[PDB]
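[1] got a sequence here, can you build the structure:
(7 chains)
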Amino acid sequence: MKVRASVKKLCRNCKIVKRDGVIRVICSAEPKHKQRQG
Amino acid sequence: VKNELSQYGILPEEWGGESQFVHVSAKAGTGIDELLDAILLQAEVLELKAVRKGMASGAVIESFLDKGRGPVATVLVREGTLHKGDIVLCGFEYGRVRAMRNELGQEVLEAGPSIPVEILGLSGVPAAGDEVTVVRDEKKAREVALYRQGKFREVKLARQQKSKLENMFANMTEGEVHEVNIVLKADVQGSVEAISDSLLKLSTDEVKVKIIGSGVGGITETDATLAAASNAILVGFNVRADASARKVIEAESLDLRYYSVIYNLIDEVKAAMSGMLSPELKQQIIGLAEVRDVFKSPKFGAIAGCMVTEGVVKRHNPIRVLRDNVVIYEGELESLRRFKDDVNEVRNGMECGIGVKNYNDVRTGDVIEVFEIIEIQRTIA
Amino acid sequence: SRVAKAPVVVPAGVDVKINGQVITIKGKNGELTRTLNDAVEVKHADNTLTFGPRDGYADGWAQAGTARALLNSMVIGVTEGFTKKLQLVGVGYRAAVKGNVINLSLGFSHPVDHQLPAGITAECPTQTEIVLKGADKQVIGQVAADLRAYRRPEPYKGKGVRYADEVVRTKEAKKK
Amino acid sequence: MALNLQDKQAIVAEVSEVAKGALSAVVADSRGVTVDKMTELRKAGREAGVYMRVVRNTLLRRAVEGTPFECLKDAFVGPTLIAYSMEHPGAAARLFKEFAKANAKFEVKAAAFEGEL
Amino acid sequence: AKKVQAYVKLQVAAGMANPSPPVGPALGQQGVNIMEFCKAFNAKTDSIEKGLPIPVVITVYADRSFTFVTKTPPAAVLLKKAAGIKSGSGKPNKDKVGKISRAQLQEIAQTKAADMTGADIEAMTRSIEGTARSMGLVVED
Amino acid sequence: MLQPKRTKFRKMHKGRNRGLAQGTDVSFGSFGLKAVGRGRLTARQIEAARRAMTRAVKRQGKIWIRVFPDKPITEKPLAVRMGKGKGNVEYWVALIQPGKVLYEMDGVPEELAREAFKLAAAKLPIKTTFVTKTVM
RNA sequence: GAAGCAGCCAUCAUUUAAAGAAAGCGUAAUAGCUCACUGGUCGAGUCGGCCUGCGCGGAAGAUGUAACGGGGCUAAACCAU
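    Numbers count the residues shown, from 1 in each chain, chains lettered A, B, ... in the order given. Have a look at this structure:
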């Protein structure tokens, strides 16, 4: 998945949730939107 | 399979009008008994009444060349009793039959009304997929054949007229011309006509690929001579070279391939066209430099002192000397001098000098854009 | 908020045993079904297991709703049981059940023979469906995931192990 | 959203009137289709949006106050999303039969299915 | 009937009739029924008028009296009876092809009020007006 | 880009940045953008920042530009030793003190003016904040 | 196999509780499966920002821990008293 300094978001079905030291981007509708870092 | 062919007009079994289906196994290999009965049953239900004691006729399955037995053809005879002495006319091919030869049993004298038999001893190679008819006399079947040669000359003049009026030009309309030529001989004459069409199918407009001199059978002296005369790749299917081709090949070793599978041939013509293809597209800056303080020199006329403002400057690359979106002067980077000495390369924030042969046109505050050009090599698909 | 602040029900003939901080419910099926507890206070009150924050902690409601969901699921586990059918999409795939192992052939040369814990049991209506029922939602869900692990869903053709509720998420083959 | 105390006042005087009369509706919706209600609507196109409207009015916690004492027989609401109608000629009028023949496909509960006098 | 799972659906007015290939594998799965043109569209004509767009729904079932998806001629009968092609404008357009009025065009297909949902009259005119902005018959304020 | 038309002189002293900015009030915009930090604002920056929000609303509204690049900055070539006279003229800079209103903007809705400065903000090099017109 | 979600155009309104000629998966396309919007149910807090205090990520290097002096500490830190 993507790594970027900013989370930035994409769509309303992107949840935007922390795991440990690492934010993830979890999108039910779209794995293309997947990210970590933040 | 039964349901999916019940979505089409194939006459499906029971739900449709009944082309009968049989369920048997050929990939694994388990009989097939039922299928053999079904094939017989359809042929018994059909009316197959045929002359067994009269005259002979039929079609040519596949034709090829033998180098001890001559041009030959495998001919299925529809109408019974092709005899030992009969005169035959197939299209533009004629002759009295010398002998008849078969793979179920070697020596054939009088044939059935449903069997393929090889014929041998003919004038040229008879076309596959059309009609052989026995005839009254040999002399008359010269005269018909010479009329059919007149017909092939009518088809020759038709194919000669067509190419000029389709696009005005003899060949290529636009100035960016590229072509590939090939010289092709397949062993089977039905094959040579079919796969040559598929090699002219795949072409793009920019690089055009074309057949010159399609052959049947072994490579010969004159076949190698055509690709020596005008550059082309010389290929043959199961076809291979003979001694009089080898004599030309050992002198000038043209592109010579005797082959494996047709897909690799269709790939290698595409590869040849791709190598043929014109190669470059990308134009991208390396550096930008500002001019100040002109000097004069007998080497180049004027010398523009420069300071490179951005990017890298290299000895030979194209340049654009510009002020405010006009190109003031044009060139290729001629002289790169730093401080007092000509040097291979210079990077931004550095004093430079440059002058170009027949440059005397310096204006301070003009800008040089030096730019890199990068090849890409397009590939046909 | 709201459900972490709610007492959870005791349907009689459950064990409802508490001994230190373990909570051990056997009931209407199964055995054991034991959880161990931390900073969630809890009061048995006949028809409920009533919860609250324990002494000096900052995790009131946030530990408690965990315990709320746990002792709920233990009561549901001893009564109803958990999960559903694994279906086999992808032609030629086959499930063979035995009391120890769910064996699958998912295109692999070696047979998988996947072993099943005793608090769960499994079933074959068909050679393609595998149904299972059992004591605990955490353990049965992990077993379904271990089965799902062998051939994961793929959006090109959907081959491998589904649960029959996840998205197909179809992606077109781009020869175009 | 809505402040209940000021909002309910305007509604009840018009809404309550249908219940008081000779007959009142209790039409419902669940696993059917709205396109069939738009079928009953193109029937109500004939009467210009009055008699056969099958009005999916269904509020109870912002509206339909209990001040008249005979209106709560037909005004209960829940699952099976509720709809009203309009009645004037009365005495088992033949206007109903056009609504009636569509009941083959079901479209849940309808007027006088609850067995009241 | 009670099944809408698989069918094929077309517009079949005048010489316009049929989206291009019903003789392909789209309709070649099906069994046969004659009735449904004569059952479904053909109900509503003499209660309304002539100059109506014509949709159709093709399917087959055991009782031979199956459930119509489209109940009716498509709404903009007021435009389509008056002008254009029988299915409609005969071309998509922003502008150019016509105009809509409030002095003489109201009453032309007044009978389609009986099987249009479009109810009392001032909203019934506006409901066909947006359809006519689709078709192209736009008029300045 | 942008530069003064005629020299008082062709080079300048470094100077200092103590004290908060004088120009902190919105003149002509409904909205604008004010600088929280301080720093050097290039002529490439002011060119870029105007270009982006112009493109976004295409031609809607009107902008004012309070900032101006007043003084030059000089810079040394790579090869030269220290000393040997002051560097040559290289670019033009708008030096700003903290609290300076950089841009102002009027003829758009509120959120679109917020977007326009959000877009412009990444072209700007230092910390900024959004402003509303108000009174004395 | 198009009737909102493969295309192109209209860039609007109707019927209407409420529903934009409809945002997605889905269907061969509708439907299926929902959103937007509201009814029933349940039950009190609910939603988005702003100013400041202290953290988290952004954080990859060269002989061996190797950027609290070390052990080691959640007070043996930090802030205020």
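[2] spell out for me which residue occupies the centre of chain A.
    Nearest residue to the geometric centre of chain A (CA atoms, centre = their mean): residue A:25, 1.5 Å.
[3] residue A:6 is in contact with that one, correct?
    No: Residue A:25 lies out of contact with residue A:6 (CB atoms under 8 Å); the separation is 11.1 Å. C-beta coordinates here come from the backbone N, C-alpha and C atoms, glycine included.
[4] quick one: residues contacting the residue nearest to the centre of chain A.
    By CB atoms under 8 Å, 6 or more residues apart in numbering or on different chains, the contact set of residue A:25 is A:1-2, A:7, A:9-10, A:14-16, A:33-36.
[5] list the contacts of residue B:112.
    Per CB under 8 Å, 6+ apart, neighbours of residue B:112: B:77, B:80.
[6] that one belongs to a helix?
    No: using DSSP: H, G, I helix; E, B strand; the rest coil, the secondary structure at residue B:112 is coil, not a helix.
[7] which SS state does residue F:83 fall under?
    Residue F:83 - assigned by three-state DSSP - is coil.
[8] same question for residue B:331.
    strand.
[9] in this structure it contacts residue B:359, no?
    Yes: between residue B:331 and residue B:359 there is a contact at 7.4 Å, judged by CB under 8 Å.
[10] quick revisit: mind putting the contacts of residue A:25 in a markdown table, distance to residue C:99, neighbour count and secondary structure included?
    Output for the contacts of residue A:25, formatted as a markdown table (distance: CB to CB, whole Å; neighbours: other CB atoms under 10 Å in any protein chain shown; DSSP: H, G, I helix; E, B strand; the rest coil):
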| residue | distance to residue C:99 | neighbour count | secondary structure |
| --- | --- | --- | --- |
| A:1 | 41 | 11 | coil |
| A:2 | 46 | 11 | strand |
| A:7 | 49 | 15 | coil |
| A:9 | 50 | 13 | coil |
| A:10 | 48 | 16 | coil |
| A:14 | 45 | 19 | strand |
| A:15 | 41 | 11 | coil |
| A:16 | 46 | 15 | coil |
| A:33 | 44 | 17 | helix |
| A:34 | 41 | 14 | coil |
| A:35 | 45 | 21 | strand |
| A:36 | 43 | 14 | strand |
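[11] state the pair within those that is farthest apart.
    Spatially, the most separated pair among those is A:2 and A:15, at 15.4 Å (CB to CB).
[12] quick one, phi psi at the residue in the stretch 151-300 of chain B that chain D sits nearest to?
    The nearest approach of the stretch 151-300 of chain B to chain D comes at residue B:201, 51.2 Å away (CB to the nearest CB). The phi/psi pair for residue B:201 (degrees, to the nearest 10) reads phi -70, psi -40.
[13] do residue F:47 as well
    Backbone torsions for residue F:47, taken as degrees, to the nearest 10, come to phi -70, psi -50.
[14] with residue A:24 instead?
    According to degrees, to the nearest 10, residue A:24 has phi -120, psi 170.
[15] contact residues of chain F facing chain B?
    Applying CB under 8 Å from any CB of the partner chain, we find that chain F lies next to chain B at F:77-79.
[16] residues touching the nearest residue to residue D:95 once chain neighbours are set aside, list them.
    Of all residues not flanking residue D:95 in the chain, residue D:51 sits nearest, at 6.1 Å (CB to CB, 6 or more residues apart in numbering or on different chains). By CB under 8 Å, 6+ apart, the residues touching residue D:51 are D:44, D:85-86, D:88, D:95.
[17] please produce a ChimeraX select command covering the buried subset of these.
    This is the ChimeraX syntax for the buried subset of the contacts of residue D:51, where burial follows 16 or more other CB atoms under 10 Å in any protein chain shown:
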select /D:44,85,86
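[18] which single helix of chain C contains the most residues?
    Ordering each helix of chain C by length in residues (DSSP state H) puts helix C:64-79 first.
[19] which elements pack onto that one?
    Helices and strands touching helix C:64-79, as assessed by 3 or more CB pairs under 8 Å, 6 or more residues apart in numbering or on different chains; DSSP states H and E, comprise strand C:8-9, strand C:34-36, strand C:40-44, strand C:48-53, helix C:137-148.
[20] do you know which of those lies nearest chain D?
    Among the helices and strands packed on helix C:64-79, strand C:8-9 sits nearest to chain D (CB to the nearest CB), with 24.6 Å.
[21] distance check, the closest residue to chain F within the stretch 1-150 of chain B against chain D.
    Of all residues in the stretch 1-150 of chain B, the one sitting closest to chain F is residue B:7 (52.5 Å; CB to the nearest CB). The gap separating residue B:7 from chain D is 30 Å, by CB to the nearest CB, to the nearest Å.
[22] wait, what's in contact with that residue?
    E:25, E:28-29.
[23] can you redo these as a markdown table with secondary structure and neighbour count?
    Converted to a markdown table, these look like this (DSSP: H, G, I helix; E, B strand; the rest coil; neighbours: other CB atoms under 10 Å in any protein chain shown):
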| residue | secondary structure | neighbour count |
| --- | --- | --- |
| E:25 | coil | 11 |
| E:28 | coil | 14 |
| E:29 | coil | 13 |
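[24] could you single out the nearest of those to chain D?
    For the contacts of residue B:7, the minimum distance to chain D (CB to the nearest CB) is 25.2 Å, reached by residue E:29.
[25] next one: the closest one from RNA strand G, what distance?
    Residue E:29 sits 5 Å away from RNA strand G, going by CB to the nearest atom of the strand, to the nearest Å.
[26] so that residue makes contact with residue B:4?
    No: with contact defined as CB under 8 Å, residue E:29 does not count as touching residue B:4 (9.5 Å).
[27] can you count the residues close to residue E:37?
    13 (other CB atoms under 10 Å in any protein chain shown).
[28] can you give me phi and psi for the residue in chain F that chain D sits nearest to?
    Of all residues in chain F, the one sitting closest to chain D is residue F:111 (23.9 Å; CB to the nearest CB). With angles defined as degrees, to the nearest 10, residue F:111 sits at phi -70, psi -40.
[29] could you tell me the angle between the longest helix of chain C and strand C:48-53?
    Compare the direction of helix C:64-79 with that of strand C:48-53 by axes from the mean of the first three to the mean of the last three CA atoms, to 10 degrees and you get 160 degrees.
[30] close to RNA strand G, is helix C:64-79?
    No: on the criterion CB under 7 Å from any atom of the strand, helix C:64-79 is out of touch with RNA strand G, staying 13.0 Å away.
[31] ok, and what's touching that helix?
    C:3-6, C:8-11, C:14, C:23, C:25-30, C:33, C:35, C:37, C:40-42, C:49, C:51-53, C:82, C:134-137.
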